């Protein structure tokens, strides 16, 4: 009869895609297409498990040597070494000189929150909750959240998407980077910009690099699709491996969710670059204490699989093949969509579709055009014109292209 502490609780509300796919689920129309699904799908609209992953799982399932005792707080030793080595390169002299520790975390999200909560207490003084934060416009929906609920109360949007011409707005944001309270932190996308797909060219990275070396900035990379983006580890980590040979430091947040398909195993690593082996051991020290209060220590299964893969030469081999599979499919569905849009003389340029890298891509549509695709043609995608390219198959591709043609033409 009396009150509920539980009553007077604000419902929280259905986020962007969660409601989107739900509507798709109940849609009885047989030509419906879901392009807002948040992982990689095959051409038959199915989840794919990497054979190299199914392979290692069997090896683990049979190793009666393994136990289930607590791991080091920072995580499985081998994993952190392999992961950072993957992002920075084996032949990186920044490894020989002992510059970096890894922290095994809970996916890419966990790498941020730990690297985030760390900065709001040891970066820019002590317990500095006022330091500005670099987020792109637009950005992965909870770059904001992970830094907000980490402390920081201003969040700063450097323009990134250029609506007209559908490409990169370089000095549109390179200029904004100048205005900022300098010496602030910058969470850059390593490659495959979520949710646009447009990455800076190596030349343009040099620009953003020096111009913000010159003048007070700390990078906080988000390497979530390394290898998964373009089908290769060497060029996807270039913007990372350049910052090291110049002589920077940064936190790099690695996610193995998309490029190992290990979404529900939450495999991730925070790579931390230094000066000299001095304070890295110091960073890693009270990185532990941050973790201890979040999760006592990280889970083992997902990490072992990645570690067993990256350490072994004939699994690494098979893995990069599997990664190239997921890759090549996306790049093909790009070249195909562009071609079909161009084959129908669809008003506008559509280079961006093939210039963008990765699984997500900005079409260049505005919610009035998108509204048409969702309600009349039952193509489900976000109002920001964002599609999951892996949502495009060989059967729906011709319908979707023609639908996009109808949208741009009929609705301005």
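Numbering follows the first chain given and starts at 1.
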For the higher mean C-alpha B factor in the entry, choose 388-396 or 21-29.
-> 21-29
For the stretches 334-342 and 136-144, which has the higher mean C-alpha B-factor as given in the deposited record?
-> 136-144
Identity of residue with top Cα B-factor, from 179, 264, 325, 294 = 179
Scanning 306, 253, 287, 95 for peak Cα temperature factor in the entry gives 95
Entry-reported Cα temperature factor of residue 238, expressed as the chain third it lands in | middle
By its CA B factor, does residue 216 count among the lowest, middle or highest third of the modelled residues in the chain?
-> highest
Taking the chain's C-alpha temperature factors as the reference, tell me which third residue 159 falls into: lowest, middle or highest.
-> highest
Looking at the entry's B-factor column for C-alpha atoms only, identify whether residue 301 ranks in the lowest, middle or highest third of its chain.
-> lowest
Once the chain's modelled residues are ordered by C-alpha B factor and cut into thirds, is residue 245 in the lowest, middle or highest one?
-> highest
